[PDB]
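Colleague: Sharing a structure here in structure tokens format.
Number of protein chains: 6
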Amino acid sequence: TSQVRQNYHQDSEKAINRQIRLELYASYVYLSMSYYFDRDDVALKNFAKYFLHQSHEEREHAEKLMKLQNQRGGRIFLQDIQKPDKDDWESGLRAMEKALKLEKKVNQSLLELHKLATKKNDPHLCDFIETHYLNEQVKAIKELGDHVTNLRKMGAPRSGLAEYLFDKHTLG
Amino acid sequence: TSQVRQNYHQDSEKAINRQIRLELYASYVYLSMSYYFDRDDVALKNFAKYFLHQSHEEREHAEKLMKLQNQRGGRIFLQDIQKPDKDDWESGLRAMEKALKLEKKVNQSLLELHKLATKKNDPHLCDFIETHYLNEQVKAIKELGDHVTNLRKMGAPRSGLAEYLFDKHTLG
Amino acid sequence: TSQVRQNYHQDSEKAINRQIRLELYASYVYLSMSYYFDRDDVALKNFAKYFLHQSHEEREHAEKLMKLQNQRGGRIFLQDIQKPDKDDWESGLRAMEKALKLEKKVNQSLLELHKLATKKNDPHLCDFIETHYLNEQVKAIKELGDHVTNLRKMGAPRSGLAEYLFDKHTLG
Amino acid sequence: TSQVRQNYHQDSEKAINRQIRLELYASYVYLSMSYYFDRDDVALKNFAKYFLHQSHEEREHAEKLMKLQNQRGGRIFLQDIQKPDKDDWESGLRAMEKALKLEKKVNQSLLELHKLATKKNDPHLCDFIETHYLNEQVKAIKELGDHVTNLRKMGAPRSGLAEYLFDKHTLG
Amino acid sequence: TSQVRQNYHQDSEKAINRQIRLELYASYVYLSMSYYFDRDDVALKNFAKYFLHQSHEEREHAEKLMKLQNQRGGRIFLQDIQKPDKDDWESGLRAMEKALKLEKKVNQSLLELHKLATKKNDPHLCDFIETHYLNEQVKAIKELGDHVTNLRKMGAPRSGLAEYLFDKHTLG
Amino acid sequence: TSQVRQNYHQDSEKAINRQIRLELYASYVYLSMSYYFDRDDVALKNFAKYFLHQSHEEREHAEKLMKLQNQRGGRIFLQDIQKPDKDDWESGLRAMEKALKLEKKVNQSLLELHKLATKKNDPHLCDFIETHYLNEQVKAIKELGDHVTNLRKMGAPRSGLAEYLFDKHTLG
Ligand SMILES: [Cl-]
Ligand SMILES: [Fe+3]
Ligand SMILES: [Fe+3]
Ligand SMILES: [Fe+3]
Ligand SMILES: [Fe+3]
Ligand SMILES: [Fe+3]
Ligand SMILES: [Fe+3]
Ligand SMILES: [Mg+2]
Ligand SMILES: [Zn+2]
Numbered sequence: 006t007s008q009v010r011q012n013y014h015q016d017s018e019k020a021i022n023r024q025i026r027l028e029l030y031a032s033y034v035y036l037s038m039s040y041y042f043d044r045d046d047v048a049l050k051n052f053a054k055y056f057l058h059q060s061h062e063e064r065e066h067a068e069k070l071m072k073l074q075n076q077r078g079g080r081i082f083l084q085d086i087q088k089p090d091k092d093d094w095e096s097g098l099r100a101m102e103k104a105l106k107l108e109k110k111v112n113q114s115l116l117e118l119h120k121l122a123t124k125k126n127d128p129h130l131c132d133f134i135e136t137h138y139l140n141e142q143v144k145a146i147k148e149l150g151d152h153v154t155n156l157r158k159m160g161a162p163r164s165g166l167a168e169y170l171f172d173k174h175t176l177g
Numbered sequence: 006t007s008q009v010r011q012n013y014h015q016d017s018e019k020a021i022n023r024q025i026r027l028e029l030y031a032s033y034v035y036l037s038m039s040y041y042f043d044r045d046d047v048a049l050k051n052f053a054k055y056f057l058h059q060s061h062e063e064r065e066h067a068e069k070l071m072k073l074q075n076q077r078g079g080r081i082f083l084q085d086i087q088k089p090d091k092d093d094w095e096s097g098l099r100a101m102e103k104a105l106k107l108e109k110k111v112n113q114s115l116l117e118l119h120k121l122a123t124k125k126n127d128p129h130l131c132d133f134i135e136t137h138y139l140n141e142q143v144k145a146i147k148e149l150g151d152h153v154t155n156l157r158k159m160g161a162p163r164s165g166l167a168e169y170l171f172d173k174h175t176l177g
Numbered sequence: 006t007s008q009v010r011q012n013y014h015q016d017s018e019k020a021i022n023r024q025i026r027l028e029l030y031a032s033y034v035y036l037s038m039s040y041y042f043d044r045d046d047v048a049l050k051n052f053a054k055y056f057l058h059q060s061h062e063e064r065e066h067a068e069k070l071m072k073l074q075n076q077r078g079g080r081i082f083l084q085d086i087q088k089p090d091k092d093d094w095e096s097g098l099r100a101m102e103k104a105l106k107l108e109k110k111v112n113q114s115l116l117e118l119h120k121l122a123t124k125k126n127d128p129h130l131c132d133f134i135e136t137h138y139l140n141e142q143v144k145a146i147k148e149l150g151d152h153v154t155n156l157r158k159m160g161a162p163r164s165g166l167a168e169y170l171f172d173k174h175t176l177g
Numbered sequence: 006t007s008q009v010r011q012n013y014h015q016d017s018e019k020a021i022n023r024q025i026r027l028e029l030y031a032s033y034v035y036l037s038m039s040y041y042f043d044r045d046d047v048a049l050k051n052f053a054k055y056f057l058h059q060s061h062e063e064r065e066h067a068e069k070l071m072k073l074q075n076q077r078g079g080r081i082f083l084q085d086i087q088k089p090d091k092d093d094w095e096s097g098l099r100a101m102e103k104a105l106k107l108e109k110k111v112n113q114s115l116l117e118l119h120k121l122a123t124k125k126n127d128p129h130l131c132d133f134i135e136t137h138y139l140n141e142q143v144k145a146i147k148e149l150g151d152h153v154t155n156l157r158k159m160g161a162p163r164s165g166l167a168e169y170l171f172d173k174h175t176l177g
Numbered sequence: 006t007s008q009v010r011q012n013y014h015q016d017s018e019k020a021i022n023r024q025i026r027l028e029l030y031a032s033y034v035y036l037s038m039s040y041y042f043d044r045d046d047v048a049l050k051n052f053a054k055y056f057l058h059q060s061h062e063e064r065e066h067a068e069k070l071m072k073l074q075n076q077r078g079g080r081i082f083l084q085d086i087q088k089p090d091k092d093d094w095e096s097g098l099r100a101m102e103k104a105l106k107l108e109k110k111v112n113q114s115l116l117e118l119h120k121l122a123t124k125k126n127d128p129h130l131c132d133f134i135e136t137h138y139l140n141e142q143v144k145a146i147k148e149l150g151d152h153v154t155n156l157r158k159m160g161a162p163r164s165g166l167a168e169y170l171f172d173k174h175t176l177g
Numbered sequence: 006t007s008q009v010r011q012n013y014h015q016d017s018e019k020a021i022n023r024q025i026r027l028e029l030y031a032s033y034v035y036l037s038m039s040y041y042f043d044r045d046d047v048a049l050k051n052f053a054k055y056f057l058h059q060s061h062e063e064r065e066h067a068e069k070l071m072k073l074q075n076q077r078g079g080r081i082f083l084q085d086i087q088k089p090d091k092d093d094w095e096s097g098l099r100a101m102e103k104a105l106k107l108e109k110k111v112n113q114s115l116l117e118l119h120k121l122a123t124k125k126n127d128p129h130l131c132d133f134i135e136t137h138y139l140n141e142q143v144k145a146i147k148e149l150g151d152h153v154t155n156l157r158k159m160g161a162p163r164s165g166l167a168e169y170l171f172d173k174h175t176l177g
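Protein chains in written order, with UniProt numbering: chain B, 6 to 177; chain U, 6 to 177; chain V, 6 to 177; chain H, 6 to 177; chain R, 6 to 177; chain W, 6 to 177.
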């Protein structure tokens with residue numbers, strides 16, 4: 006038991022370790038999405054940059070939870086990171102729809118984490134989660150929703166023209 | 006029979022002269038393509054600029070091979086340069102398709118040149134081809150392929166709208 | 006078969022995908038190392054920073070390989086990234102010794118990759134591995150080696166004083 | 006018939022296509038000459054630079070005629086470019102002498118082309134020729150005459166010292 | 006066996022020790038030549054500066070090979086450096102001629118060393134040789150060839166004026 | 006038999022040639038020492054830099070004596086340069102001890118040279134030795150002696166900690 010550990014429940018500790026794994030997973034998925042758009046047969050540069058940026062942000066959220074684990078005197082245990090569910094993400098619109106689903110999954114996880122911390126009367130952990138994660142997730146979700154909407158409204162994915170113009174006028 | 010010549014095989018010297026002619030021919034193809042886009046009945050300014058830039062770069066590659074030839078104590082023998090295959094390149098997509106085929110043809114020659122140099126045990130030449138030619142070719146081919154992909158996905162060569170917006174948003 | 010693909014063997018494609026996974030695994034080991042030194046009961050900030058920088062460098066090497074795979078017309082196929090071999094890296098010296106061993110494993114894989122590219126007569130791919138990977142590995146292996154020696158000579162991992170002073174004067 | 010075409014005779018259009026071929030040929034002659042002076046057994050760097058400059062100028066003159074052909078609604082038809090007359094240009098003076106002869110052949114062609122424009126009452130074309138070509142020709146011919154004179158009175162071609170010194174003081 | 010050693014053949018290690026000796030010898034030859042031109046009865050200051058520069062470059066090439074030997078886990082064994090072949094280098098042209106011969110002997114040694122690296126499948130070593138040595142050699146040999154040519158056509162060595170003027174206009 | 010020669014005795018001329026060889030040898034010793042510190046199993050960067058700097062300075066002293074030789078109308082006669090006494094210099098303390106011995110040896114030679122110059126009534130030479138060599142030697146010897154003293158007092162060569170902290174706080 007760490008010399009710094011105080012009011013930090015073993016269930017919170019384990020759940021932080023589960024959240025680190027999920028973030029690393031989200032990072033990997035966004036990486037895969039990014040380089041799908043860099044394919045010579047997809048060729049959507051700003052989709053590629055957009056996803057690569059989300060991949061780097063998810064990694065940073067992982068690192069920030071590992072930092073938190075050590076700050077509170079928990080112990081980091083890393084697990085296998087599963088490969089993403091697809092190799093070929095099919096289109097700009099389908100990839101955005103999948104990212105929206107993925108972010109809502111990560112949000113559901115973060116909401117269960119905040120609820121756990123609440124039940125364990127861990128206001129530090131609660132505030133950490135609210136300040137650094139919950140509003141970032143709401144914002145990402147809103148932006149992905151907006152992007153899905155525009156693409157659909159523009160005629161994706163049957164219009165490859167819509168995907169191209171979207172890449173240029175929104176993502177660029 | 007040059008004072009500077011060393012480990013430079015006569016078959017290498019001749020391959021280099023053939024390459025110089027090929028780079029010059031490619032330069033001429035891109036010249037023709039460029040001024041097809043400058044026609045009043047085609048009128049795609051950024052297609053014209055793009056292909057003119059490629060024309061200038063091919064000529065640079067040719068000059069740099071002439072420079073290599075003398076650096077090694079080879080002798081330059083210049084040949085007739087054949088006119089391009091078409092006078093009318095039909096469309097932006099079809100010009101890009103042709104460029105891509107041409108670049109792969111040039112790359113094929115450069116690969117065959119590297120292999121000769123490797124059989125003749127000429128590492129200076131290998132490296133020169135590697136450093137200046139092979140990565141440039143791979144980048145040119147990927148770029149062309151990306152441009153073809155976008156043009157097809159946008160609805161070319163059906164859509165004259167596709168070619169126009171591509172000219173503006175990708176090539177400008 | 007991708008329209009940009011040329012002189013790019015299916016074996017090379019497969020090997021580039023294995024190398025991507027190895028680099029991602031290496032990134033994850035250094036990630037683990039970093040946050041081990043951030044523990045309140047280890048508390049060597051510059052060992053932590055040092056390892057976190059190697060984790061980000063490894064990720065960037067994975068990403069540059071993904072880019073090359075697309076550049077050449079191959080297709081990325083990502084796999085599960087296994088967790089690192091340890092949770093607890095014991096000491097500054099033992100993490101360095103493990104890291105030397107990891108880099109030497111990655112270097113072996115890259116040399117096998119180069120030998121394959123050579124056997125497939127892929128000089129573009131040979132030169133990309135030479136230019137972007139092999140000298141970097143040799144630099145990294147040399148530096149890790151230096152660091153292992155210095156810690157040994159100072160009396161690590163026996164001397165916690167030696168790990169602390171090395172953290173300040175070399176890694177700071 | 007192009008929608009832009011006005012007061013542009015078919016013979017004029019044909020004559021511009023010939024002049025384009027000749028300017029590209031003149032470019033290639035100067036390119037040959039430039040790299041003759043770059044040889045290790047000739048080694049006059051300022052002669053090389055001077056003829057390479059000429060070569061690039063001549064290409065620019067050709068591209069400007071291509072621009073004109075499109076401006077007026079004519080159609081460009083490119084032809085084979087024949088290799089120059091010599092592989093070996095023999096000395097500084099001899100190359101200057103051959104360039105002067107070349108330049109006066111280009112000029113005669115241009116005066117023939119201006120005569121034709123006058124016969125077809127194409128003032129635009131006459132003025133384009135005047136303003137962009139005839140006075141550049143007259144200047145180039147005088148410059149070349151001046152150079153040939155200086156090399157002669159310096160004792161070229163029986164003086165390699167004469168050619169070296171002119172390389173340095175006039176061409177450098 | 007060094008803890009850094011990997012894929013580095015004993016013969017390679019031995020060949021690098023020989024190349025180090027030869028580069029130091031080439032340094033000393035150019036040092037001798039430099040101060041020959043500093044004598045009151047020769048007095049060509051730009052030849053002196055030129056050969057002193059060469060001397061320092063050759064020392065740098067030797068130090069870089071020493072750096073390499075350590076990078077790869079090899080061990081440096083230094084040998085006697087034999088005095089150069091002449092005390093008196095006779096004229097500007099003759100010294101340039103001997104330097105060219107020297108440089109082509111260094112180059113042959115380097116190509117022999119690159120052959121060996123290839124036979125031992127050491128791509129790192131091959132690339133180090135290519136990137137730091139073979140193209141510097143090829144450049145130095147061309148430069149020297151150019152100089153010897155100019156001095157010859159200027160009437161050296163039967164013209165002390167020729168050597169003085171080249172000192173000033175080429176080497177100054 | 007130089008036009009510039011005046012009050013310059015043949016015994017002075019020969020002593021100067023011997024000194025030049027000694028400065029060159031010393032330069033080589035410091036080279037060897039420097040790259041011993043650059044070994045992965047020694048790994049003392051500021052020791053390596055220090056001894057490389059001394060190597061460069063000895064070579065400068067040698068060049069300056071070559072310059073003196075010609076200034077006086079002497080003739081330079083270069084000799085073989087012997088390899089250093091050791092390949093392995095064992096430790097920072099032991100290398101410093103050896104440097105100190107070497108510097109005293111060189112100083113001995115320079116003192117004997119000054120005394121000859123004084124017997125030959127050559128005040129220009131006396132002063133040259135005094136101004137450029139003797140105070141530099143005395144400073145080098147004092148510095149080396151200070152470095153040895155610190156290293157012994159810190160606990161070298163027992164303590165690998167001593168050598169490390171000295172590298173950082175004195176030589177960095
Ligand atoms: Cl638009
Ligand atoms: Fe997240
Ligand atoms: Fe090219
Ligand atoms: Fe890596
Ligand atoms: Fe012209
Ligand atoms: Fe060298
Ligand atoms: Fe000295
Ligand atoms: Mg290479
Ligand atoms: Zn727009």
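No residue lacks a Cβ here, since even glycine has one placed at the ideal position from N, Cα and C.
Whole alpha helix (DSSP H) runs in the segment 92-127 of chain H with 4 or more residues, listed along the chain?
Modeller: If we require 4 residues or more, the alpha helix (DSSP H) runs fully inside the segment 92-127 of chain H come out as 97-124.
Colleague: Spatial neighbours of V:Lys69 within its chain, please: C-beta separation below 7 Å, excluding the five flanking residues on both sides.
Modeller: Indexing the third sequence from 1 puts residue 69 of chain V at position 64. Short of 7 Å from the beta carbon of V:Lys69, and not among the five residues preceding or following it, lie these beta carbons of its own chain, in chain order: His137.
Colleague: Is the segment 78-95 of chain R touching the segment 123-137 of chain R, taking contact as three or more C-beta pairs under 8 Å?
Modeller: no
Colleague: Listed in chain order, which residues are found with a beta carbon closer than 6 Å to a heavy atom of ligand 8?
Modeller: U:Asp132, U:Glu135, V:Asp132, V:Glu135, R:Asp132, R:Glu135
Colleague: Which of helix, strand or coil does DSSP assign to B:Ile86?
Modeller: Walking along the first sequence from the start, residue 86 of chain B turns up at place 81. In the structure shown, B:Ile86 sits in a strand (DSSP, three-state: E or B).
Colleague: Looking at H:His66 and ligand 5, is the gap between the Cβ and the nearest heavy atom below 7 Å?
Modeller: By 1-based counting over the fourth sequence, the position of residue 66 of chain H is 61. Checking the Cβ of H:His66 against ligand 5 gives yes.
Colleague: With 8 Å set as the bound, which would you pick, yes or no: does the beta-carbon of R:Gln8 sit closer than that to a beta-carbon of chain V?
Modeller: Translated into positions along the fifth sequence, residue 8 of chain R becomes position 3. It does: the Cβ of R:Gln8 has a partner Cβ on chain V nearer than 8 Å.
Colleague: Near R:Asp90, what residues of its chain come up, given a Cβ to Cβ distance below 6 Å and the 5 sequence neighbours on each side ignored?
Modeller: Position 85 of the fifth sequence holds residue 90 of chain R. Non-local beta-carbon contacts of R:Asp90 in its own chain, meaning distances under 6 Å to residues more than five positions away in sequence, are absent.
Colleague: Got a list of residues with beta-carbon closer than 6 Å to any non-hydrogen atom of ligand 1, in chain order?
Modeller: Cβ atoms closer than 6 Å to ligand 1 belong to B:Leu170, U:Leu170.
Colleague: Please list the residues of the UniProt domain "Ferritin-like diiron" (11-160) of chain R that have a C-beta atom closer than 7 Å to any C-beta atom in chain H, keeping them in chain order.
Modeller: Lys147, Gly150, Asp151, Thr154, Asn155, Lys158, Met159, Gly160
Colleague: Does any residue of chain A have a CB that is nearer than 8 Å to the CB of H:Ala167?
Modeller: Included in the structure are the protein chains B, U, V, H, R and W, with no chain A among them.
Colleague: Measuring alpha carbon to alpha carbon, tell me which of V:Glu141, V:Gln142, V:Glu117, V:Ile86 ends up nearest B:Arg26.
Modeller: The count along the first sequence starts at 1 and reaches residue 26 of chain B at position 21. For the residues V:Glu141, V:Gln142, V:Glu117, V:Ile86, the minimum Cα distance to B:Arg26 belongs to V:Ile86.
Colleague: Whose Cβ in chain V lies nearer than 8 Å to the Cβ of W:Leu176?
Modeller: As a working mapping, residue 176 of chain W is identified with position 171 in the sixth sequence. Result: empty, since nearest Cβ-Cβ is about 12 Å, beyond 8 Å.
Colleague: As a quick exercise: from B:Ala31, B:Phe82, B:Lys124, B:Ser39, pick the residue whose alpha carbon is nearest that of B:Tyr13.
Modeller: Looking up residue 13 of chain B in the first sequence gives position 8. Checking every option, the nearest Cα to that of B:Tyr13 belongs to B:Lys124.
Colleague: Would you say H:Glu63 touches ligand 5, meaning its beta carbon is less than 7 Å from a heavy atom?
Modeller: The residue labelled residue 63 of chain H in the question sits at position 58 within the fourth sequence. Checking every heavy atom of ligand 5 against the Cβ of H:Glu63, one is found closer than 7 Å.
Colleague: Examine ligand 6 and report whether any of its heavy atoms sits within less than 7 Å of the Cβ of W:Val9.
Modeller: Taking the sixth sequence and counting its residues from 1, the one referred to as residue 9 of chain W is at position 4. W:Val9 Cβ: outside cutoff for every heavy atom of ligand 6.
Colleague: Taking the CB atoms as reference points, tell me whether R:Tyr40 and W:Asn75 lie closer together than 8 Å.
Modeller: Residue numbering aside, residue 40 of chain R sits at position 35 when the fifth sequence is read from its first letter. Residue numbering aside, residue 75 of chain W sits at position 70 when the sixth sequence is read from its first letter. Yes, Cβ-Cβ distance for R:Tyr40 and W:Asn75 is below 8 Å.
Colleague: Whose CA, out of B:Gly150, B:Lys19, B:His174, B:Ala145, lies closest to the CA of B:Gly78?
Modeller: Numbered from its first residue, the first sequence carries residue 78 of chain B at position 73. The candidate whose alpha carbon is nearest that of B:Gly78 is B:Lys19.
Colleague: Below 7 Å, is the gap between the Cβ of U:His174 and the nearest heavy atom of ligand 9?
Modeller: Start at 1 with the first residue of the second sequence, and residue 174 of chain U comes out as number 169. At least one heavy atom of ligand 9 is nearer than 7 Å to the Cβ of U:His174, so yes.
Colleague: Counting Cβ pairs closer than 8 Å, one from the segment 144-162 of chain W and one from the segment 96-110 of chain W, do we hit at least three?
Modeller: yes
Colleague: Are H:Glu63 and H:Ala31 touching if we call contact CB-CB under 8 Å?
Modeller: Counting from one through the fourth sequence, the residue named residue 63 of chain H turns up at place 58. Counting from one through the fourth sequence, the residue named residue 31 of chain H turns up at place 26. Cβ atoms of H:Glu63 and H:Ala31: closer than 8 Å.
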